[PDB]
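According to UniProt numbering, numbering within the sequence shown proceeds without interruption in unit steps and concludes at 873. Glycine is no exception: its CB is placed at the ideal position from the N, C-alpha and C atoms.
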Amino acid sequence: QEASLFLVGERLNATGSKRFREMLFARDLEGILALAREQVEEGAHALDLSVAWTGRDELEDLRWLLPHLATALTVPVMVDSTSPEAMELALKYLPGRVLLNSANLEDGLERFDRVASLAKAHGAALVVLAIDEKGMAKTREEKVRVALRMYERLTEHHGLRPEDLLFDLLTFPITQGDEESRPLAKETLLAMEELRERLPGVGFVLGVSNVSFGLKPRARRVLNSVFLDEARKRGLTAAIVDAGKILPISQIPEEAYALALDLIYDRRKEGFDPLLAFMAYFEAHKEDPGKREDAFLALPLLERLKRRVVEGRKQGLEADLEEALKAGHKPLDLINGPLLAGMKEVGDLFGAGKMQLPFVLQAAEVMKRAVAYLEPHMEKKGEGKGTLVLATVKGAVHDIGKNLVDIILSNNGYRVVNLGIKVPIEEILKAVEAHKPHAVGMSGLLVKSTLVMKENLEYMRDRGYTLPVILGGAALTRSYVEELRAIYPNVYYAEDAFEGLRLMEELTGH
Ligand code: COB
Numbered sequence: 364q365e366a367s368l369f370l371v372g373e374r375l376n377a378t379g380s381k382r383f384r385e386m387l388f389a390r391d392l393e394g395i396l397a398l399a400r401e402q403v404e405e406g407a408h409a410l411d412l413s414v415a416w417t418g419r420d421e422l423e424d425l426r427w428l429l430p431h432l433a434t435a436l437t438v439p440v441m442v443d444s445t446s447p448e449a450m451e452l453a454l455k456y457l458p459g460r461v462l463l464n465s466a467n468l469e470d471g472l473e474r475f476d477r478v479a480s481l482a483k484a485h486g487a488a489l490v491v492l493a494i495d496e497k498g499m500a501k502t503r504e505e506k507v508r509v510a511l512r513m514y515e516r517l518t519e520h521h522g523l524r525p526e527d528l529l530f531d532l533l534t535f536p537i538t539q540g541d542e543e544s545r546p547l548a549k550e551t552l553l554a555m556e557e558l559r560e561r562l563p564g565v566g567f568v569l570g571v572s573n574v575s576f577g578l579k580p581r582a583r584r585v586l587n588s589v590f591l592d593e594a595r596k597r598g599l600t601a602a603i604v605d606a607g608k609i610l611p612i613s614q615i616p617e618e619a620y621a622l623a624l625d626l627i628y629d630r631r632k633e634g635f636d637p638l639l640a641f642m643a644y645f646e647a648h649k650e651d652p653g654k655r656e657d658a659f660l661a662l663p664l665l666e667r668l669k670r671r672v673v674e675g676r677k678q679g680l681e682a683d684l685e686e687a688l689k690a691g692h693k694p695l696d697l698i699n700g701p702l703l704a705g706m707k708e709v710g711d712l713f714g715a716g717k718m719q720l721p722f723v724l725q726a727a728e729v730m731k732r733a734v735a736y737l738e739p740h741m742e743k744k745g746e747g748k749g750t751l752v753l754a755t756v757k758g759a760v761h762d763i764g765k766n767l768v769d770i771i772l773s774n775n776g777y778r779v780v781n782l783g784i785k786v787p788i789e790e791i792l793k794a795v796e797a798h799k800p801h802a803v804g805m806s807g808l809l810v811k812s813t814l815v816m817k818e819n820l821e822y823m824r825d826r827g828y829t830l831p832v833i834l835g836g837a838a839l840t841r842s843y844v845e846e847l848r849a850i851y852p853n854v855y856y857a858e859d860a861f862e863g864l865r866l867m868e869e870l871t872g873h
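Now the structure itself:
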């Protein structure tokens, strides 16, 4: 329509493409030049280039590759770097054909102006990321604030033309399933629309592929393509894409289109989760939606509760729990029986490669809602028997166990200070000094997490501590915690939350 979109080929990027990385390391010139020509045939108008890698001499790599790209391509190169010397080198070999990638305010005005001056001086296009000193702009209001500040500086101090600018309000993944990043696509799109109006004549660019990160190939292609189009509609001029894997909107089935939008704009309904629905669309072995729903509703009460956790079925949960409390079913039994049995099954399915990670998250969300609704119906016996600082150790994220321990001990008269997850030993002991607890609990599921526990106890030993530490987790074995007593004589293994209770009871003298 208004003008075609300037496509930038993403593939020559050490951070992004594993294939390019390995090609670069191996010094596969023919491989790289093939990959460049290929992207242009597939419809790219320019090529992003990033050779920066942890432990590699950026400048060396560029000195090698650039002379070749120079002669072997007609199209422009977008140089993706934080080193000005690198940008200079690129500007040397490819005069007139360069767009400079990062220019931003993360480390203040110093870095920003250095890059901008180059752009001005070598008459190169400039990309401007919406990142300031407080970090990445995640909302529109932020993305706009930052852009405008930058625009002022670029146009007045450097005298760059609007036309010479490309604003990258950022592209975040919305596919990992965490609640916090549901609207980060939407907020970018809103900013773009507002800035197109307030800053006429500037360009906009996005690294489109990111929005979809870690979905199946086919799903990415759709989500990428719909995002690209919606950004275009709101003023996008350039796009860092895989040119060969963007579908025109006319070729995307109506359902997939709508699901992609549902996800991008976070159009939550009552009984719908956009992300999971979008994922589900691409899965094969699709039953009659009505047939599946009927098969489910036909299950026994306990078996249906289980399947709610596995299939991640939030809606009608409180209904079913209400029903089970009406029959002779006790809260703790519903958890330690059908609900946790579901959680085990999720484990096995994820382990077999039969379930993707966000579905596991949604399973956990059903479990948490379930326990939230059941917590008032559990017995609340005793009060103020003692205190427990409880936490998941460095680099461990699983916490359904931890939280059950919280609930059960809290219900049996213990004060539980739950420090949440990934808690370093420093922070744990800070809270120990604060709350003066009778014991410390450390959760962690994976093997590596047990070695952290060992380190944690070494640390605690060395700073004089002797209060009881209760360790729990899958990979933990009682035999192993017995050995740890050589480091810290007051460690205890806990198989389950009830053992935690039993230990706390013995330790406080009940
Ligand atoms: C009650 C609780 C229910 N179960 C659960 O919480 C979930 C079990 C499940 C299915 C795992 C398989 C399984 N069958 O266990 C699995 N995940 Co998960 C896919 N996971 C998740 C889920 C958790 C969500 C949450 N908010 O907690 C997440 C998506 C976040 C998840 C994430 C990961 N997961 C991952 C993996 C690999 C595994 N995950 C496992 C643990 C498992 C075994 C499954 C697998 N499939 O292979 C993998 C680990 C193998 C191993 N190392 O040995 C990984 C790396 C996946 C990824 N590639 O990103 C990632 C971990 C990142 C990291 N550590 O940073 C889940 C759901 C699982 O059991 P529990 O053992 O925690 O508690 C139990 C409890 C009950 O009474 O008391 C005990 N206890 C535990 N701690 C303490 C105590 C008791 C006391 C008294 C204490 C003071 C502390 C005792 O250990």
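For residue i: DSSP bridge partner residues
i: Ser465; result: In the DSSP output, where bridge partners are listed per residue, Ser465 has none listed.
i: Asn376; result: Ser413
i: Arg778; result: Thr750
i: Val832; result: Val803 and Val854
i: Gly498; result: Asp495
i: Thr518; result: DSSP, once it has assigned bridges, lists no residue as partnering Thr518.
i: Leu864; result: Bridge partners of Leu864: none, in fact.
i: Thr755; result: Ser806
i: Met441; result: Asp411 and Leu462
i: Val490; result: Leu529
i: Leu370; result: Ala602
i: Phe635; result: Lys632
Nearest-angstrom beta carbon gap, residue j and residue i [assumed within contact, 8 Å]
i: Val371; j: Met441; result: 5 Å
i: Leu737; j: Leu684; result: 6 Å
i: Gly776; j: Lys744; result: 7 Å
i: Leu533; j: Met499; result: 6 Å
i: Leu454; j: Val461; result: 5 Å
i: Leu808; j: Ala838; result: 7 Å
i: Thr871; j: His801; result: 6 Å
i: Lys731; j: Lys757; result: About 23 Å; that fails the 8 Å criterion.
i: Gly675; j: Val729; result: 6 Å
i: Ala726; j: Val672; result: 5 Å
Inter-residue spacing [alpha-carbon to alpha-carbon] between residue i and residue j
i: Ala484; j: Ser413; result: 22 Å
i: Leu586; j: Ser575; result: 6 Å
i: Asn781; j: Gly679; result: 30 Å
i: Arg400; j: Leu436; result: 7 Å
i: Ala849; j: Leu664; result: 49 Å
i: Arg508; j: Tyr628; result: 22 Å
i: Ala661; j: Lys669; result: 13 Å
i: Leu830; j: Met816; result: 15 Å
i: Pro430; j: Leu392; result: 11 Å
i: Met513; j: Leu562; result: 11 Å
i: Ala621; j: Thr750; result: 51 Å
i: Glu821; j: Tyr851; result: 7 Å
i: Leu387; j: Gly714; result: 34 Å
i: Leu864; j: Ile771; result: 7 Å
i: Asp531; j: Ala857; result: 50 Å
i: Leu599; j: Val490; result: 13 Å
i: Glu646; j: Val571; result: 23 Å
i: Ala594; j: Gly486; result: 27 Å
i: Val568; j: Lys596; result: 13 Å
Endpoints, the beta strand (DSSP E) within which residue i is located
i: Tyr856; result: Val854 to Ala857
i: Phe530; result: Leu528 to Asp531
i: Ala601; result: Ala601 to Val604
i: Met555; result: Careful: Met555 lies outside any beta strand (DSSP E), inside the alpha helix (DSSP H) at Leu547 to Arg561.
Neighbour flag for residue i against chain D, beta carbons, 9 Å
i: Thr445; result: The structure shown contains no chain D, having only a single protein chain.
Enclosing alpha helix (DSSP H) for residue i [first to last residue]
i: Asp629; result: First-last for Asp629: undefined, no H or E at that position.
i: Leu695; result: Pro694 to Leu697
i: residue 883; result: Any answer about residue 883 is impossible in this case: the structure gives the chain only from 364 up to 873.
i: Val786; result: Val786 -> no alpha helix (DSSP H), and no H or E assigned at all.
i: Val478; result: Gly471 to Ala484
i: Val403; result: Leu392 to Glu404
i: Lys689; result: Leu680 to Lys689
i: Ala838; result: Note, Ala838: premise wrong, no alpha helix (DSSP H); not H, not E.
i: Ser588; result: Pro580 to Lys596
i: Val574; result: No alpha helix (DSSP H) contains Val574, which DSSP labels as neither H nor E.
Cβ-heavy atom distance, residue i to the ligand ADP, below 8 Å
i: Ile791; result: By its list of ligands, the structure shown excludes the ligand ADP, since it contains just the ligand COB.
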